[PDB]
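Participant:
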Amino acid sequence: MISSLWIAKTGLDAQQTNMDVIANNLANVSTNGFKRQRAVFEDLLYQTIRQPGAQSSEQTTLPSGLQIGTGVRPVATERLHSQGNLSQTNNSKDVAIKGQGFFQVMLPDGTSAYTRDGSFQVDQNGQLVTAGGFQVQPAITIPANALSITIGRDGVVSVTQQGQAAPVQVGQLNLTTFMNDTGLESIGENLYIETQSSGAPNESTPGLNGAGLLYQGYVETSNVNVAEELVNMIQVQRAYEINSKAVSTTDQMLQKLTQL
Amino acid sequence: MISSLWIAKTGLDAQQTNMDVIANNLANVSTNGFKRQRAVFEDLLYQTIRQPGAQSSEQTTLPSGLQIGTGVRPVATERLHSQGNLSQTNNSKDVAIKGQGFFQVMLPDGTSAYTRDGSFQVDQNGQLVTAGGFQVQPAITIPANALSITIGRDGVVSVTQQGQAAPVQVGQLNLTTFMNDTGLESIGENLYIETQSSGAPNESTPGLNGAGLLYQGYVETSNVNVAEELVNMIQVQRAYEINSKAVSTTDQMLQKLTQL
Amino acid sequence: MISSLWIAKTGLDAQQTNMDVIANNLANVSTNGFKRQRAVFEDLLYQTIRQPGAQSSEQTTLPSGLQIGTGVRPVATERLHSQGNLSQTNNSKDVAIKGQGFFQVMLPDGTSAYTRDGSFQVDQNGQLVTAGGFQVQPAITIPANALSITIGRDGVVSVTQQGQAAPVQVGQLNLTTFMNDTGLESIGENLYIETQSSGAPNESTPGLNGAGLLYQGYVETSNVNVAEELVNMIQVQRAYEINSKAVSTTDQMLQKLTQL
């Protein structure tokens, strides 16, 4: 009913969105292959009223006329695709990425999703799957009597059987790189899918033209910096305070008009 | 919202960067051929509310006006390329450098990387490789029937075979020197790749125009000084706590302003 | 809308500016060659009302009439140009000034700034530059196959070549001194530009006319005294709280005036 109240409401909603993003970032600290998110805001419409640059008088113009702005709105939340610090879990099936590539998995629907988390297991049939049971492609089949699984820097998966001095190659782990890495649609479950803003999936060998190197026994932890989150929590709390105070001040003004 | 808050926020990030540098230096104490890092900081923006030297009057000039400054920013993290202490492992395959040279190794991609690590091993094919399996170039191969590998102070590699009353030469080991060793980009595995700030790699014999000498049976330990790391730990902890206290002071001032 | 509220606004602004000065000093504790700032405040206007000195009763003057004053405005921030503590880093490229001199650096746009930070680097062409890539004046050039760089206490630079037992002088490092060191305009990046309140640049070699002496392997740390900063926090907080209390009291007075 009054403009300042709508503007302050938009400010409150934006600050709540910022706090939601902060809480989501802090809730996924222990998640492997997680990237922290940051929201970016834009100011809302600007009421024209007096067009600046108009002729103030026959020989003079109006410098920077009367523009009344509306509130604020969030544009987008961008991920920070940076290499998190590696953690040694001493497991032959945990794989970490040193560069800028992704693992490809197949959803039950038949479509292909992409995940950076490398905590892998083996199913009852022998294929390498993720923690959610999704099959890593290209299919890597581990045979029944395996003694040790070796995954090299270039993505070759080898199995050393009993009594044979040579290792048997059973697959080849490739990495998919996208032109726009932040444009992927996150569906949860540490899974990102291709959108039209994320270019096209370019398959490549882990060590070639820009795919990262695969480390066995390592996991890529989240890149969330927690002290920054605490400081940003302080900032968000204070901003929400100030916006609520603006709402309360507008409430007090309308009261006097009602009393009139 | 408050400039003091932003300035403290930066200061906190700068001190966290210092802490991370110290932690990384301490984590690599026992690694051979390591160069400890050091961060350099610089002044951020300077708000010129009142210009220093402004002509306040036709006769008097304002000295040292209102130059309100912003926080701090780390210029870079430069590695200290100094000769670490030599240690005798007493192995024929261990080499150490005395001056400022680099060994050249070949990545699977075909490009050349540079290392100061001297722990060499022969592979199944007999070529000398580093601990990460990267082949030294220009390739030094060693035959199967070699009784002892002798690497001279000038880089001449020889072996004594059964019978052969004379030791045969199987190649020559050279060192690459750079104009600016600090600008080399570290990729891990004790490997540095050249950039445009590191000039060009100059190949030279170990004892010639300024490449260092080669000592056999010696290994170059890291140059990290533990006592300096602990003292810097204390100083960085105190500075970080004080910056956090500044953040708290700004928070309390904002709370008092809001409680109006 | 009421005088006391404007005066309290000015007081709040002054205390906030003091807080920015404190935060800027704190954020640059680890910055090499940093000088701490201090702000100076002055009284604002004084409304005349009854003129002090005007003759009442024909033969009796009026002493100390109604000089109702307005708030406070900060005059300027002045840097404390004192010698910071020297820290030994054992580097051939770190130079520390012990007296009252400045290094001259050329910005690529053509003009020259002045810096006290002595952490110098070598570009791919062999020139001595600042850590931000700015080429120090004069363009001391270092030969390719340098074994040791010696910067003497008189600013002379010597390089020890192989096969030459006598060092060869490759330059001369000078110090720039000013009439007024507080009048330099800080542009960030540890750089000062000359203003008309700082006189003109006086070149002098280190040891004569007053320029300081150059130490090799040492860095001039910041002169920020931190316990003083904490005590200044306590004041900058109470004073701000008290000014906010004055704002609140004026608000209550206006509220009762309105309500009647």
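Protein chains in written order, with our numbering: chain A, 98 to 357; chain B, 98 to 357; chain C, 98 to 357. Where is the CB? At the ideal position from N, CA and C, for every residue including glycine.
(1) Measuring alpha carbon to alpha carbon, tell me which residue in 185/A, 318/A, 196/A and 231/A is nearest residue 203/A.
(2) Spatial neighbours of residue 394/A within its chain, please: CB distance less than 7 Å, with the 5 preceding and 5 following residues excluded, ordered by chain position.
(3) Which residues in chain C have a C-beta closer than 7 Å to the C-beta of residue 143/B? List them in chain order.
(4) What's the C-alpha gap between residue 301/B and residue 309/B?
(5) Whose C-beta lies closer than 7 Å to the C-beta of residue 282/A among residues of the same chain, with five residues either side of it excluded?
(6) With hydrogens ignored, establish whether the beta-carbon of residue 224/B is closer than 8 Å to any heavy atom of the ligand SAM.
(7) May I have a chain-ordered list of the beta strand (DSSP E) segments no shorter than 3 residues that lie completely inside the region 234–291 of chain C?
(8) Do you know whose CA, among 279/C, 249/C and 333/C, lies nearest residue 101/B's CA?
(9) So, do the region 143–150 of chain B and the region 336–343 of chain B have three or more beta carbon pairs nearer to each other than 8 Å?
(10) Taking a contact to mean a Cβ-Cβ separation below 9 Å, would you say residue 198/A touches residue 319/A in this structure?
(11) Strictly below 7 Å CB to CB, what residues from chain B border residue 337/C?
(12) Going by DSSP, what residues sit across from residue 179/B in a beta bridge?
(13) What did DSSP end up calling residue 135/A once you bin it into helix, strand or coil?
(14) Compare the C-beta of residue 303/B against all C-beta atoms of chain A and say whether one is closer than 9 Å.
(15) Under 8 Å by Cβ, that's how I've got residue 296/B and residue 277/B pegged, so tell me the actual separation to the nearest angstrom.
(16) Any beta-carbon of chain C closer than 9 Å to the one on residue 165/B?
(17) For residue 126/B, does the three-state DSSP call read helix, strand or coil?
(18) How many Å lie between residue 303/C and residue 216/C at the Cα?
(19) Pick out whichever of 315/B, 323/B and 343/B has its Cα sitting closest to the Cα of residue 328/C.
(20) Please go through the same chain and pick out, in chain order, the residues whose beta-carbon is closer than 7 Å to the beta-carbon of residue 251/A, but skip the five residues on each side of it.
(21) Would you say residue 186/A and residue 316/A are within 9 Å of each other, going by their C-beta atoms?
(22) Alpha carbon to alpha carbon, what distance is there between residue 193/C and residue 275/C?
(23) Would you list, in chain order, the members of the region 234–256 of chain A that have their beta-carbon closer than 9 Å to a beta-carbon of chain B?
(24) I'd like to know whether the C-beta of residue 118/C is nearer than 9 Å to at least one C-beta of chain F.
(25) Check whether chain B comes within 9 Å of residue 330/C, counting only Cβ atoms and requiring the distance to be less than that.
(26) Counting pairs of beta carbons, one from the region 120–139 of chain C and one from the region 102–111 of chain B, are three or more of them closer than 8 Å?
(27) Taking the beta strand (DSSP E) that residue 349/B falls in, what are its first and last residues?
(28) Alpha carbon to alpha carbon, what distance is there between residue 237/A and residue 172/B?
(29) Give a yes or no on whether the minimum CB-CB distance between residue 176/B and chain C is below 9 Å.
(30) Run through the region 199–224 of chain B for me and flag every whole alpha helix (DSSP H) of 4 or more residues, listed as ranges in chain order.
(31) By the 10 Å Cβ neighbour count, where 16 or more other Cβ atoms means buried, how is residue 425/A classified, buried or exposed?
(32) Is residue 319/C helix, strand or coil when you go by DSSP?
(33) Helix, strand or coil for residue 165/A per DSSP?
(34) Buried or exposed: residue 181/A, going by 16 or more other Cβ atoms within 10 Å of its Cβ?
(35) Could you give the distance in angstroms between the alpha-carbon of residue 349/A and the alpha-carbon of residue 156/C?
Facilitator: In terms of the structure at hand:
(1) Cα-wise, what sits closest to residue 203/A is 231/A.
(2) The question about residue 394/A has no answer, for chain A in this structure spans 98 to 357.
(3) Using a Cβ-Cβ cut-off of 7 Å, residue 143/B is close to 283, 284 and 285 of chain C, given in chain order.
(4) Between the alpha carbons of residue 301/B and residue 309/B lies a gap of roughly 9 Å.
(5) Here the set comprises 289, 290 and 292.
(6) The model depicted lacks the ligand SAM and carries no ligand whatsoever.
(7) Annotation note: the region 234–291 of chain C contains the following uninterrupted beta strand (DSSP E) runs of length 3 or greater, listed N- to C-terminal: 245–248, 253–257, 265–269 and 272–274.
(8) Considering only alpha carbons, the answer is 333/C.
(9) Cβ pair count under 8 Å is below three, so no.
(10) No; because the gap between Cβ atoms is not below 9 Å, this pair is not in contact.
(11) 350 and 353, listed in chain order.
(12) Answer by DSSP bridge pairing: none, since residue 179/B is not bridged.
(13) In the displayed model, residue 135/A falls within a strand according to three-state DSSP.
(14) So no, residue 303/B is outside the interface.
(15) Their Cβ separation, rounded to whole angstroms, is 6 Å, which keeps residue 296/B and residue 277/B in contact under 8 Å.
(16) Under the Cβ criterion of 9 Å, residue 165/B is counted among the residues facing chain C.
(17) Residue 126/B falls in the coil class under three-state DSSP.
(18) Cα-Cα distance, rounded: 17 Å.
(19) Considering only alpha carbons, the answer is 343/B.
(20) Residues 302, 303 and 304 of the same chain have their beta carbon placed closer than 7 Å to that of residue 251/A, with the five preceding and five following residues left out of the count.
(21) Closer than 9 Å, so yes.
(22) Answer to the nearest angstrom: the Cα atoms are 18 Å apart.
(23) For the region 234–256 of chain A, which is checked against every Cβ of chain B, the residues closer than 9 Å are 250 and 251.
(24) Considering every chain present, this structure includes no chain F. Its protein chains are A, B and C.
(25) It does; some Cβ of chain B falls within 9 Å.
(26) Result yes; three or more Cβ-Cβ pairs closer than 8 Å.
(27) Looking at the DSSP string, residue 349/B is not in any beta strand (DSSP E); the run it does join, the alpha helix (DSSP H), is 323–355.
(28) Spanning the two alpha carbons is a distance of roughly 46 Å.
(29) Chain C, which has no Cβ nearer than 9 Å to the Cβ of residue 176/B, makes this no.
(30) Fully enclosed alpha helix (DSSP H) runs of 4 or longer: not present.
(31) Here chain A covers residues 98 to 357 and nothing more, so residue 425/A does not appear.
(32) Three-state DSSP puts residue 319/C in coil, outside helix and strand.
(33) Residue state, collapsed to three classes: strand.
(34) Residue 181/A comes out buried.
(35) Whole-angstrom Cα-Cα distance: 56 Å.
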